[PDB]
>>> print(open('protein.txt').read())   # compact mmCIF, C-alpha atoms and all ligand atoms
# COMPACT_ATOMS: atom_id res chain seq x y z
CA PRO N 1 -58.83 241.88 77.28
CA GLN N 2 -58.11 239.56 74.33
CA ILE N 3 -61.27 238.59 72.48
CA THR N 4 -61.22 235.67 70.06
CA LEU N 5 -63.64 235.50 67.13
CA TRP N 6 -65.16 231.99 67.41
CA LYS N 7 -68.39 233.64 68.50
CA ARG N 8 -69.66 237.21 67.89
CA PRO N 9 -67.57 239.69 69.93
CA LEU N 10 -70.55 240.90 71.96
CA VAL N 11 -69.77 243.05 75.00
CA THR N 12 -71.68 245.08 77.55
CA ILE N 13 -71.77 248.86 77.05
CA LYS N 14 -73.22 251.60 79.21
CA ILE N 15 -74.98 254.54 77.61
CA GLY N 16 -77.52 256.92 79.22
CA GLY N 17 -77.08 255.09 82.54
CA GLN N 18 -78.28 251.84 80.95
CA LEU N 19 -76.52 248.54 80.22
CA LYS N 20 -76.81 247.20 76.63
CA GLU N 21 -75.15 244.57 74.44
CA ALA N 22 -73.06 245.69 71.45
CA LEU N 23 -70.83 244.11 68.80
CA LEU N 24 -67.15 245.19 68.55
CA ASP N 25 -67.15 245.73 64.77
CA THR N 26 -63.98 246.55 62.87
CA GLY N 27 -66.03 246.81 59.64
CA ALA N 28 -68.02 249.74 61.03
CA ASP N 29 -66.50 253.22 60.58
CA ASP N 30 -68.75 254.59 63.32
CA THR N 31 -70.82 253.41 66.22
CA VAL N 32 -74.56 252.77 65.70
CA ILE N 33 -77.11 251.99 68.43
CA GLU N 34 -80.79 251.04 68.22
CA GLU N 35 -83.44 253.69 68.81
CA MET N 36 -83.05 255.35 72.22
CA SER N 37 -83.05 258.81 73.76
CA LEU N 38 -79.79 260.83 73.74
CA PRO N 39 -79.18 264.44 74.77
CA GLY N 40 -78.41 267.39 72.53
CA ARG N 41 -78.95 268.20 68.89
CA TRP N 42 -78.36 265.67 66.15
CA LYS N 43 -77.31 265.93 62.52
CA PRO N 44 -78.27 263.76 59.57
CA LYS N 45 -76.10 260.92 58.28
CA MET N 46 -76.51 258.19 55.66
CA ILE N 47 -74.55 254.97 56.21
CA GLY N 48 -74.08 252.04 53.80
CA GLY N 49 -73.92 248.38 54.77
CA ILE N 50 -74.23 245.00 53.11
CA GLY N 51 -77.90 245.49 52.15
CA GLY N 52 -77.75 249.18 51.18
CA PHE N 53 -78.15 252.52 52.96
CA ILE N 54 -79.98 253.67 56.10
CA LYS N 55 -80.56 257.12 57.59
CA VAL N 56 -79.39 257.66 61.16
CA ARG N 57 -79.21 260.46 63.70
CA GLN N 58 -75.67 261.60 64.58
CA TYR N 59 -75.01 262.66 68.20
CA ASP N 60 -71.58 264.00 69.12
CA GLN N 61 -69.59 263.94 72.39
CA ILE N 62 -71.72 261.21 73.94
CA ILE N 63 -70.45 259.50 77.08
CA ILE N 64 -70.26 255.72 76.64
CA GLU N 65 -68.53 252.85 78.43
CA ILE N 66 -67.41 249.79 76.47
CA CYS N 67 -66.38 246.76 78.55
CA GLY N 68 -65.79 249.21 81.40
CA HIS N 69 -63.54 251.46 79.28
CA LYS N 70 -64.74 255.06 79.22
CA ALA N 71 -65.14 256.78 75.83
CA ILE N 72 -66.75 260.08 74.74
CA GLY N 73 -67.57 260.44 71.06
CA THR N 74 -69.99 260.18 68.19
CA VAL N 75 -72.90 257.77 68.45
CA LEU N 76 -75.32 257.22 65.55
CA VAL N 77 -78.91 256.16 66.32
CA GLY N 78 -81.08 254.30 63.86
CA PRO N 79 -82.44 251.01 62.50
CA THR N 80 -79.27 248.98 62.86
CA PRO N 81 -79.77 245.16 63.16
CA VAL N 82 -77.57 245.06 66.28
CA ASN N 83 -75.82 247.69 68.37
CA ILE N 84 -72.38 248.20 66.83
CA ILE N 85 -69.23 249.75 68.36
CA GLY N 86 -67.26 250.94 65.33
CA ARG N 87 -63.72 252.20 64.78
CA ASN N 88 -64.38 255.73 66.05
CA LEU N 89 -64.75 254.31 69.60
CA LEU N 90 -62.60 251.21 69.19
CA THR N 91 -59.65 253.60 68.71
CA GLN N 92 -60.67 255.47 71.89
CA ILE N 93 -60.39 252.30 73.99
CA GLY N 94 -57.05 251.34 72.31
CA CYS N 95 -58.44 248.30 70.50
CA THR N 96 -56.35 246.63 67.81
CA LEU N 97 -56.50 243.58 65.60
CA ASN N 98 -53.68 241.09 66.23
CA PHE N 99 -52.46 237.85 64.58
CA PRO R 1 -48.98 241.83 62.93
CA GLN R 2 -50.82 244.46 64.97
CA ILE R 3 -53.35 246.44 62.98
CA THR R 4 -54.67 249.72 64.41
CA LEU R 5 -58.18 251.00 63.64
CA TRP R 6 -57.56 254.64 62.69
CA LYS R 7 -58.51 253.66 59.13
CA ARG R 8 -60.31 250.68 57.57
CA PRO R 9 -58.28 247.48 58.19
CA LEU R 10 -57.86 246.56 54.52
CA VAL R 11 -55.51 243.75 53.47
CA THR R 12 -54.52 241.93 50.25
CA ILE R 13 -55.91 238.43 49.88
CA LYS R 14 -55.31 235.68 47.35
CA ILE R 15 -58.38 233.73 46.28
CA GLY R 16 -59.14 231.54 43.24
CA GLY R 17 -55.78 232.67 41.86
CA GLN R 18 -56.75 236.38 42.05
CA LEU R 19 -55.46 239.22 44.26
CA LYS R 20 -58.17 241.32 45.91
CA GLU R 21 -58.32 243.94 48.68
CA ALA R 22 -60.65 243.02 51.54
CA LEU R 23 -61.79 244.38 54.92
CA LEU R 24 -60.96 242.55 58.15
CA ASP R 25 -64.45 242.65 59.57
CA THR R 26 -65.21 241.38 63.06
CA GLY R 27 -68.90 242.26 62.49
CA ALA R 28 -69.21 239.69 59.69
CA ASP R 29 -70.06 236.09 60.56
CA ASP R 30 -68.81 234.97 57.17
CA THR R 31 -66.58 236.04 54.32
CA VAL R 32 -68.09 237.65 51.20
CA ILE R 33 -66.36 238.55 47.97
CA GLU R 34 -67.57 240.45 44.89
CA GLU R 35 -68.52 238.41 41.83
CA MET R 36 -65.85 235.90 40.85
CA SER R 37 -65.51 232.26 39.84
CA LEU R 38 -64.81 229.59 42.47
CA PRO R 39 -64.50 225.78 42.15
CA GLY R 40 -66.99 223.19 43.38
CA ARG R 41 -70.65 223.09 44.35
CA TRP R 42 -72.49 226.08 45.83
CA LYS R 43 -75.87 226.81 47.37
CA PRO R 44 -77.80 230.08 47.62
CA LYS R 45 -77.81 232.04 50.87
CA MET R 46 -79.23 235.37 52.09
CA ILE R 47 -77.03 237.51 54.36
CA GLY R 48 -78.17 240.58 56.24
CA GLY R 49 -76.83 243.67 57.93
CA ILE R 50 -77.28 247.41 57.67
CA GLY R 51 -79.64 248.12 54.79
CA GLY R 52 -81.08 244.61 54.84
CA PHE R 53 -80.22 241.44 52.92
CA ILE R 54 -78.39 240.38 49.74
CA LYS R 55 -78.40 237.04 47.91
CA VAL R 56 -75.05 235.25 47.66
CA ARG R 57 -73.56 231.93 46.51
CA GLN R 58 -72.04 229.84 49.28
CA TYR R 59 -68.88 227.89 48.36
CA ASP R 60 -67.38 225.58 50.94
CA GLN R 61 -63.77 224.48 51.50
CA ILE R 62 -62.16 227.40 49.68
CA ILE R 63 -58.48 228.17 50.31
CA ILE R 64 -57.57 231.83 50.83
CA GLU R 65 -54.31 233.49 51.79
CA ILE R 66 -54.41 236.54 54.07
CA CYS R 67 -51.06 238.20 54.96
CA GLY R 68 -49.11 234.99 54.37
CA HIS R 69 -51.59 232.94 56.39
CA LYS R 70 -53.39 230.18 54.51
CA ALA R 71 -56.87 229.35 55.75
CA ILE R 72 -59.72 227.19 54.47
CA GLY R 73 -63.41 227.88 54.87
CA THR R 74 -66.70 228.92 53.42
CA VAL R 75 -66.63 231.86 50.99
CA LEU R 76 -69.77 233.70 49.88
CA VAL R 77 -69.84 235.39 46.48
CA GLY R 78 -72.26 238.14 45.53
CA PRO R 79 -73.03 241.89 45.23
CA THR R 80 -71.22 243.03 48.40
CA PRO R 81 -70.20 246.73 48.34
CA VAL R 82 -66.79 245.83 49.90
CA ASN R 83 -64.84 242.54 49.99
CA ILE R 84 -65.12 241.26 53.57
CA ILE R 85 -63.06 238.77 55.57
CA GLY R 86 -65.43 237.57 58.30
CA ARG R 87 -64.98 235.66 61.55
CA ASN R 88 -65.10 232.23 59.90
CA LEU R 89 -61.64 232.99 58.38
CA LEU R 90 -60.30 235.49 60.96
CA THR R 91 -60.30 232.70 63.58
CA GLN R 92 -58.19 230.50 61.26
CA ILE R 93 -55.38 233.03 61.04
CA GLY R 94 -55.52 233.47 64.85
CA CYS R 95 -56.84 237.03 64.63
CA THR R 96 -58.05 238.56 67.92
CA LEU R 97 -59.25 241.93 69.25
CA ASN R 98 -57.06 243.34 72.01
CA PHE R 99 -57.37 246.33 74.33
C1 LIG N 101 -69.38 252.29 56.48
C2 LIG N 101 -69.98 252.86 57.74
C3 LIG N 101 -69.97 254.25 57.94
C4 LIG N 101 -70.51 254.78 59.11
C5 LIG N 101 -71.07 253.92 60.06
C6 LIG N 101 -71.06 252.54 59.86
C7 LIG N 101 -71.66 251.64 60.90
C8 LIG N 101 -70.52 252.02 58.69
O1 LIG N 101 -70.50 250.66 58.47
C9 LIG N 101 -71.60 250.09 57.78
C10 LIG N 101 -71.60 248.57 57.74
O2 LIG N 101 -72.68 248.03 57.72
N1 LIG N 101 -70.42 247.95 57.76
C11 LIG N 101 -70.25 246.49 57.70
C12 LIG N 101 -69.04 246.29 56.81
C13 LIG N 101 -69.45 246.87 55.47
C14 LIG N 101 -68.96 248.11 55.04
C15 LIG N 101 -69.41 248.62 53.82
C16 LIG N 101 -70.34 247.90 53.06
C17 LIG N 101 -70.84 246.67 53.50
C18 LIG N 101 -70.38 246.14 54.72
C19 LIG N 101 -69.89 245.93 59.06
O3 LIG N 101 -70.14 246.89 60.09
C20 LIG N 101 -70.64 244.65 59.32
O4 LIG N 101 -70.12 243.64 58.90
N2 LIG N 101 -71.85 244.65 59.93
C21 LIG N 101 -72.68 245.75 60.48
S1 LIG N 101 -74.36 245.18 60.72
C22 LIG N 101 -73.65 243.63 61.20
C23 LIG N 101 -74.72 242.54 61.25
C24 LIG N 101 -73.12 243.71 62.65
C25 LIG N 101 -72.49 243.40 60.20
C26 LIG N 101 -72.93 242.60 58.99
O5 LIG N 101 -73.37 243.13 57.96
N3 LIG N 101 -72.83 241.28 59.18
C27 LIG N 101 -73.29 240.35 58.15
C28 LIG N 101 -72.33 239.84 57.17
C29 LIG N 101 -71.37 240.57 56.46
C30 LIG N 101 -70.59 239.85 55.55
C31 LIG N 101 -70.79 238.46 55.37
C32 LIG N 101 -71.76 237.75 56.09
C33 LIG N 101 -72.53 238.49 56.99
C34 LIG N 101 -73.62 237.92 57.85
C35 LIG N 101 -73.83 239.07 58.84
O6 LIG N 101 -73.07 238.75 60.00
>>> encode(input="protein.txt", output="C-alpha cells", more="lines below")
Ligand SMILES: Cc1cccc(C)c1OCC(=O)N[C@@H](Cc1ccccc1)[C@@H](O)C(=O)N1CSC(C)(C)[C@H]1C(=O)N[C@H]1c2ccccc2C[C@H]1O
Amino acid sequence: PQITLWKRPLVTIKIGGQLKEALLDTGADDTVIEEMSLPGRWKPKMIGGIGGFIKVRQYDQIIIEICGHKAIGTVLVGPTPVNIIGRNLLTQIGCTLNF
Amino acid sequence: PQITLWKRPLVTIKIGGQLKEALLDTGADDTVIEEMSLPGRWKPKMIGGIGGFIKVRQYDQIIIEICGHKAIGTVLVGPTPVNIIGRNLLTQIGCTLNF
C-alpha cells in the first residue's frame, strides 16, 4: 500500500492472536505496544521520547502481522501513549518513505 | 527520493535562515524544533508522547525547506530532544509511506 499522512497512519496489527490498532512511526527506533501478555523472557530497556524516558519490557522474536504483512522481531511492552510500529519492523515489511 | 528505514531518516532543513538536521517522523502530528527565533505571533501549546508532555511555542505560517521542497505550516519551538518534521509538513512535500 501507499499511505498518505493527512491523518495518523493507523493500521491493524495482529499479535497474540488479537487484532489491535498501531501507528506506523518512522520516528520510533523500535516497536512499542501497550501492556499485554507475551511469551518468553524479557529484558529491560529504557526509551526516550518527546516528554522524557520510560521503562519497557523487551521481548524478542515475537510473531506480529502489520497490515497483513508477517514480521517476527522485537516488541517492547510498556506505558506508550499509542501502539507504535517502529523502524525495526517497518524494515521487515519493506516500508519506505517516498516523495 | 526513496528513504529506507535501516537508520533514522534524518534530513537537512532550512528554517528561519538556519540549517538544522531533523527527523522525518510519521508519528508526529506536528513539527517541533529546538530553541530558535521565528517571526510573528505565537501561542503556548503542550505536546505529548513517550515520557509525557513538553511546553512549546506555536508559530504559524512558517516557511521551511526540506530536500529542495518548500512548504509552509505551523512550527513548534521548544525543548524537544530531536528536531522533528511531523505530518503537517510531510504532507506538503508529498511524503508517503510505501510497502
Ligand atoms: C528512540 C526510541 C528508541 C526505542 C524505541 C522507541 C519507540 C524510540 O522512539 C521514542 C519516541 O518517542 N520517538 C518519537 C520521535 C522522538 C525520538 C526521540 C526523542 C523525541 C521524539 C516518535 O516515535 C514519535 O513521534 N512518537 C512516539 S509516541 C507518539 C505519540 C506516537 C509520537 C509523538 O511523540 N507524537 C507527538 C509529537 C511529536 C512532535 C511534535 C508534535 C507531537 C504531537 C504528538 O503527535
>>> closest_residue(input="protein.txt", among="N:50, N:5, N:15, N:76", to="residue 31 (chain N)", atoms="only C-alpha atoms")
N:76
>>> interface_residues(input="protein.txt", of="chain R", to="chain N", cutoff="10 Å", atoms="all atoms listed in the file", output="PyMOL selection string")
chain R and resi 1-10+23-29+32+47-55+67+69+79-82+84-99
>>> residues_around(input="protein.txt", residues="residue 58 (chain R)", least_positions_apart="2", cutoff="8 Å", atoms="all atoms listed in the file", output="PyMOL selection string")
chain R and resi 42-45+56+60+74-77
>>> atom_distance(input="protein.txt", atom1="atom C30 of ligand LIG 101 (chain N)", atom2="CA of residue 34 (chain R)")
11.1 Å
>>> axis_aligned_box(input="protein.txt", around="ligand LIG 101 (chain N)", padding_each_side="8 Å", output="JSON")
{"center_x": -71.8, "center_y": 246.3, "center_z": 57.9, "size_x": 21.8, "size_y": 33.0, "size_z": 25.6}
>>> closest_residue(input="protein.txt", among="N:41, N:59, N:46, N:36", to="residue 17 (chain N)", atoms="all atoms listed in the file")
N:36
>>> atom_distance(input="protein.txt", atom1="CA of residue 63 (chain R)", atom2="CA of residue 13 (chain R)")
10.6 Å
